[PDB]
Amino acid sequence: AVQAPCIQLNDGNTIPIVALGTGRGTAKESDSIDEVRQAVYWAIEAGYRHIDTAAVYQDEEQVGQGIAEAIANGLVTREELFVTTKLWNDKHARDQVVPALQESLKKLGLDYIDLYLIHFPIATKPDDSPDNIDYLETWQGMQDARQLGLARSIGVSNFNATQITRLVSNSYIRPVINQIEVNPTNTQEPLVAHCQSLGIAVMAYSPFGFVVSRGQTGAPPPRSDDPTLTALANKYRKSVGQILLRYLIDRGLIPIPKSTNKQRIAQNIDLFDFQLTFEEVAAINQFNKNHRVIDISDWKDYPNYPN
């Protein structure tokens, strides 16, 4: 239906600039994990060519099922898809990185991943107890996975500006991407600017912020009926969700909208027949509260906590 354009990464690889999210943080009680397989299929059918997943989501198998069905039914070939997955926090020793990737690949039914990310800069033991492995060591394992051909590109997630600078100064290849939370109430303007200045593209997770339900009360504005958002939706004949995603696109970001609904999946990639003005982007930036949807504060005292 709609194929998203690409950003060309610092290693030459091209990445589609909308990714389907497959994290399960928003999944309701009535939502079984097979809906991820169906969502992946529907997304590809609707023109998506980029899927974001992670070992820790425990749904790589479903993602792989959806990919396999899309390929078998002739929607796409493997080389037309861009699959992103992530190394979990208990696999940070250098020698664990390649085997962890091979495990992800087996679950996904793939021979290579397009993008492998360090999920967080924190290292833990398998029981979530803190460890102190330097993410520079983990990055050497990432460099190895790339040299072996198992990952076409390598990047990071949840790295702050100091960590990005240290990683860049102390490695031979810098990340292609930093995947971080970006939405109207957590706009991360300085970190985005820092990454972009270094040629590191940004993937924006939890792109809908608190405009969608997070199973909490006391969420910060804007609501879905916020007058600024609904005026924008009306102006461009788009939904509020599309406005929120286009905002991220106009900041040069790769949003990762999660949906398991056929219609919303299709809406969430239909972002390329309009654009926001600089004043509109500035207005949305004014909602910033540095209030994260993804709260990892139980890890605040861990080595390399990024927030």
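Residue numbers run from 1 along the displayed sequence.
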Look over 194 to 202 and 218 to 226 in the entry and identify the one with the greater average Cα temperature factor. 218 to 226
Could you check the entry and say whether 165 to 173 or 110 to 118 has the higher mean CA B-factor? 165 to 173
Which one of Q242, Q275, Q263, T53 shows the top CA temperature factor in the record? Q263
Based on the PDB record, which member of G155, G141, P207, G74 exhibits the highest Cα temperature factor? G74
Split the chain's modelled residues into thirds by Cα B-factor; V281 lands in the middle
Considering every modelled residue of the chain and its Cα B-factor in the PDB entry, is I17 in the lowest, middle or highest third? middle
For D90, does the deposited CA B-factor place it in the lowest, middle or highest third of the chain? middle
Please place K238 in the lowest, middle or highest third of its chain according to the CA B-factor in the PDB entry. middle
Temperature factor at the Cα of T185, chain-ranked in thirds, falls in the middle
